[PDB]
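K.L.:
Structure incoming, see below.
2 protein chains.
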Amino acid sequence: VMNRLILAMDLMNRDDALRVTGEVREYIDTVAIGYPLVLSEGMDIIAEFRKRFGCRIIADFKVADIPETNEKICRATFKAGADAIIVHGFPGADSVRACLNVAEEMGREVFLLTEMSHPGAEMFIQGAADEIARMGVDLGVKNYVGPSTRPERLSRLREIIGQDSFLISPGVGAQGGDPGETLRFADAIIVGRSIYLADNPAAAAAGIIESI
Amino acid sequence: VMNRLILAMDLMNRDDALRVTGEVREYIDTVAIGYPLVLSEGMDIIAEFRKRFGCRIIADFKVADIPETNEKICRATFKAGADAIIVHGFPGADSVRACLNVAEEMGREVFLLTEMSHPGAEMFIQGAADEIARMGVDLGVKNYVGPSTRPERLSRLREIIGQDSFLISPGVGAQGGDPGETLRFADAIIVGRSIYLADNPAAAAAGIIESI
Ligand SMILES: O=c1cnn([C@@H]2O[C@H](COP(=O)(O)O)[C@@H](O)[C@H]2O)c(=O)[nH]1
Ligand SMILES: O=c1cnn([C@@H]2O[C@H](COP(=O)(O)O)[C@@H](O)[C@H]2O)c(=O)[nH]1
Numbered sequence: 011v012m013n014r015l016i017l018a019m020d021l022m023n024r025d026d027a028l029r030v031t032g033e034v035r036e037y038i039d040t041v042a043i044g045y046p047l048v049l050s051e052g053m054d055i056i057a058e059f060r061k062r063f064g065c066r067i068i069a070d071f072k073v074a075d076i077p078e079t080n081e082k083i084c085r086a087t088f089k090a091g092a093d094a095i096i097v098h099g100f101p102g103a104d105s106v107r108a109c110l111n112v113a114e115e116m117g118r119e120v121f122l123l124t125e126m127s128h129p130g131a132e133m134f135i136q137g138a139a140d141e142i143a144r145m146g147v148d149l150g151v152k153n154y155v156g157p158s159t160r161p162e163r164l165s166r167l168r169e170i171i172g173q174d175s176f177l178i179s180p181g182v183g184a185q186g187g188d189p190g191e192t193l194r195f196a197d198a199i200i201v202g203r204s205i206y207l208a209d210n211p212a213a214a215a216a217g218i219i220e221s222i
Numbered sequence: 011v012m013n014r015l016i017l018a019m020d021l022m023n024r025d026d027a028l029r030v031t032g033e034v035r036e037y038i039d040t041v042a043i044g045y046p047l048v049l050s051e052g053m054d055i056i057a058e059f060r061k062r063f064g065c066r067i068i069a070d071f072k073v074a075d076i077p078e079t080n081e082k083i084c085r086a087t088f089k090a091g092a093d094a095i096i097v098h099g100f101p102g103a104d105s106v107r108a109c110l111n112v113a114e115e116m117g118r119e120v121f122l123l124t125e126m127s128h129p130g131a132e133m134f135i136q137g138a139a140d141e142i143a144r145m146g147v148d149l150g151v152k153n154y155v156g157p158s159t160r161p162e163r164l165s166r167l168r169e170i171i172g173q174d175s176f177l178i179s180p181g182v183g184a185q186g187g188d189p190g191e192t193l194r195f196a197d198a199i200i201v202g203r204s205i206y207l208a209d210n211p212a213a214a215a216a217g218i219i220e221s222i
């Protein structure tokens, strides 16, 4: 992705989300849109962003349901125009396969979330993360999400998925992760608050890019 | 699109197509892939390009069949990963609507080809072009294709579709169209041979961009 930087657009109103995204578009061509914005403004916001900014959109929906429901969520999300969707791996292989099947049918991509960046991830997710990553490899997953806040875990994840897989990483800035260190292992970093809550989002994005 | 320039990749072998596209990727982020490449290397080439170059892909398939077949062609094309498809308008409204319905279902876009750039277009297409464009407006089409070789016709087309519609235009360079003049009316120009047959495709792309 451009400058190896993905904007996590978690503002909850359309006007502010459009303003900040437009201000940083010269530095970023990929935006992660999640439920905070979608549940506040509707799924139509995805197509609006894609058209207005000409950016790729990753739906950060952390899909985590049974196979049948996962298929419906993925279909609705790709119908809305998303280029990719983030899916949790802890619910198991059948749930991930359901997402992969819809992405195959619709010409889109699935990103498998393996270990999360927040403190609570140490309770249950971290202990299953290596196996979740190996499961992804076994299913043919080529895109993964791992934690900026734990570079030793990001390194282990990169080890399991190989150099050919694409790995993106949130937890940079506000959560404590460092851009440069994270990019030693991840292909791109996801940054939300450090950019969208900044007094000058464009200056914040430019500063992150210059630091790397 | 980046630099308002779209590469028409009509080489017929994968190695040469990948080489030229990689050489000009710093100048272009949108590639039109048509049947010369797809019928020679397979539909899988679309996903390969999208991944390898991170570019948007327009399938320049000039869809021109009955509604039922158009739906199948569009479904197969979007399944392959194309972001948009070019559809002929001369076969009529039902044929275009079939394409629009599949694009809506799959979160993608349809570009309506209204008047073609080659000499033969004067025989039958030119006389129906204004009505084909008006039909597109009536159907809700927002993306159009018009001829670089006839700027007065491109102007008339822009007049019918309005300033809000997106208009791209082939026939630049080899066919005689001028980049600058075309961009007075079109949002982006499509260029094939002037770039892909050049001794230095990157220098050719850079030269077009500097001229505008
Ligand atoms: O393990 C994960 C997975 N996803 N995200 C998401 O990535 C973004 C990070 O935002 P931030 O830069 O403001 O902390 C938010 O959308 C958040 O839901 C994390 O932070 N950690
Ligand atoms: O009216 C039209 C519609 N489509 N194209 C297409 O646009 C490209 C133009 O290539 P060129 O720059 O090599 O002439 C080719 O893929 C061609 O099929 C035209 O040239 N004219």
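Those protein sequence lines, which keep their order, are chains A and A'. A prime marks a further copy of an entry chain.
The deposited numbering applies: residue 11 is where the first sequence begins, and numbers increase by one.
The deposited numbering applies: residue 11 is where the second sequence begins, and numbers increase by one.
Ideal Cβ placement from N, Cα and C applies to all residues, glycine included.
1. Let me check one thing: in DSSP terms, what residues is residue 87(A') bridge-paired to?
2. Would you identify the three-state DSSP class for residue 152(A), choosing helix, strand or coil?
3. Does any residue of chain A' have a CB that is nearer than 7 angstroms to the CB of residue 89(A)?
4. For my contact list, residue 171(A') and residue 147(A') are in at a C-beta cut-off of 8 angstroms; report their separation, rounded to the angstrom.
5. Would a C-beta distance cut-off of 7 angstroms place residue 33(A) and residue 180(A) closer than the cut-off?
6. Could you tell me which chain A residues have their CB closer than 8 angstroms to the CB of residue 19(A'), listed as they occur along the chain?
7. Could you tell me the alpha carbon to alpha carbon distance between residue 17(A) and residue 24(A), rounded to whole angstroms?
8. Quick one: does the C-beta of residue 161(A) sit closer than 6 angstroms to a heavy atom of ligand 2?
9. I need the straight-line Cα distance from residue 105(A) to residue 174(A'), nearest angstrom please.
10. Let's test the definition: count the other Cβ atoms within 10 Å of the Cβ of residue 221(A') and tell me whether it reaches 16, buried, or not, exposed.
11. According to the Cβ coordinates, are residue 125(A') and residue 113(A') closer than 7 angstroms?
12. Residues of chain A with a CB under 7 angstroms from the CB of residue 36(A'): which are they?
13. Could you tell me which uninterrupted beta strand (DSSP E) segments, each at least 3 residues in length, are contained entirely in the region 155-198 of chain A', listed from first to last along the chain?
14. Can you find the residues in the same chain that come closer than 7 angstroms, C-beta to C-beta, to residue 72(A'), ignoring five residues on each side of it along the sequence?
15. So the candidates are 39(A), 40(A) and 69(A); which of them puts its Cα closest to the Cα of residue 49(A)?
16. What number of angstroms, rounded off, separates the C-alpha of residue 75(A') from the C-alpha of residue 87(A')?
17. Report yes if the CB atom of residue 121(A') is closer than 7 angstroms to the CB atom of residue 94(A'), and no otherwise.
18. Give me, in chain order, the residues of the same chain whose beta-carbon lies closer than 8 angstroms to that of residue 92(A); leave out the 5 immediate sequence neighbours on both sides.
19. Give the residues of chain A in contact with residue 115(A'), contact being defined as C-beta atoms less than 8 angstroms apart.
20. Shortest alpha-carbon distance to residue 167(A') belongs to which of 199(A'), 141(A'), 27(A') and 129(A')?
21. Take the Cβ of residue 81(A) as the centre, count every other Cβ of all protein chains shown within 10 Å, and call the residue buried at 16 or more, exposed below.
22. From residue 152(A) to residue 160(A'), what distance separates their C-alpha atoms?
23. Compare the Cα-Cα distances from residue 131(A') to each of 185(A'), 116(A') and 200(A') and report the closest residue.
24. Can you determine whether any heavy atom of ligand 1 sits closer than 6 angstroms to the C-beta of residue 14(A), and answer yes or no?
25. Quick one: residues in its chain with C-beta nearer than 7 angstroms to the C-beta of residue 135(A'), no 5 flanking neighbours on either side, listed in chain order?
26. Reducing DSSP to helix, strand and coil, say where residue 76(A') ends up.
27. For residue 56(A'), which three-state DSSP category applies?
28. Could you have a look at residue 10(A') and say whether DSSP puts it in helix, strand or coil?
29. DSSP has residue 119(A') in a bridge; who is on the other side?
30. Going by the DSSP bridge assignment, what does residue 200(A) pair with across the sheet?
31. For residue 30(A), which residues of its own chain have a beta-carbon under 6 angstroms away from its beta-carbon, when the five flanking residues on both sides are left out?
32. With DSSP as the reference, label residue 11(A') as helix, strand or coil.
P.N.:
Quick answer:
1. Looking at the DSSP assignment, residue 87(A') forms no beta bridge with any residue, so it has no partner.
2. coil
3. True, the Cβ-Cβ gap to chain A' drops below 7 angstroms.
4. Rounded, the Cβ-Cβ distance is 6 angstroms, consistent with contact.
5. The answer is no: Cβ separation not under 7 angstroms.
6. Per Cβ cutoff of 8 angstroms: no residues; residue 19(A') is ~18 angstroms from chain A at best.
7. Each residue's Cα considered, the two are about 15 angstroms apart.
8. no
9. Approximately 42 angstroms, taken between the alpha carbons.
10. Around the Cβ of residue 221(A'), a 10 Å sphere holds fewer than 16 other Cβ atoms; the residue is exposed.
11. no
12. Per Cβ cutoff of 7 angstroms: no residues; residue 36(A') is ~11 angstroms from chain A at best.
13. 176-179
14. 96, 98 and 123
15. Selection 39(A), 40(A) and 69(A) evaluated against residue 49(A) yields 69(A) as nearest (Cα-Cα).
16. 15 angstroms
17. yes
18. 43, 56, 67, 68, 69 and 118
19. 89
20. 141(A')
21. buried
22. 46 angstroms
23. Relative to the Cα of residue 131(A'), the nearest Cα in the group 185(A'), 116(A') and 200(A') belongs to 185(A').
24. Incorrect: residue 14(A) has no Cβ contact closer than 6 angstroms to ligand 1.
25. Counting only Cβ-Cβ distances below 7 angstroms, and skipping sequence neighbours, we find 100, 125 and 126.
26. Residue 76(A') falls in the coil class under three-state DSSP.
27. helix
28. Residue 10(A') is absent from the structure shown; chain A' starts at 11 and stops at 222.
29. 94(A')
30. 16(A)
31. 206 and 211
32. Note: residue 11(A') maps to coil in three-state DSSP.
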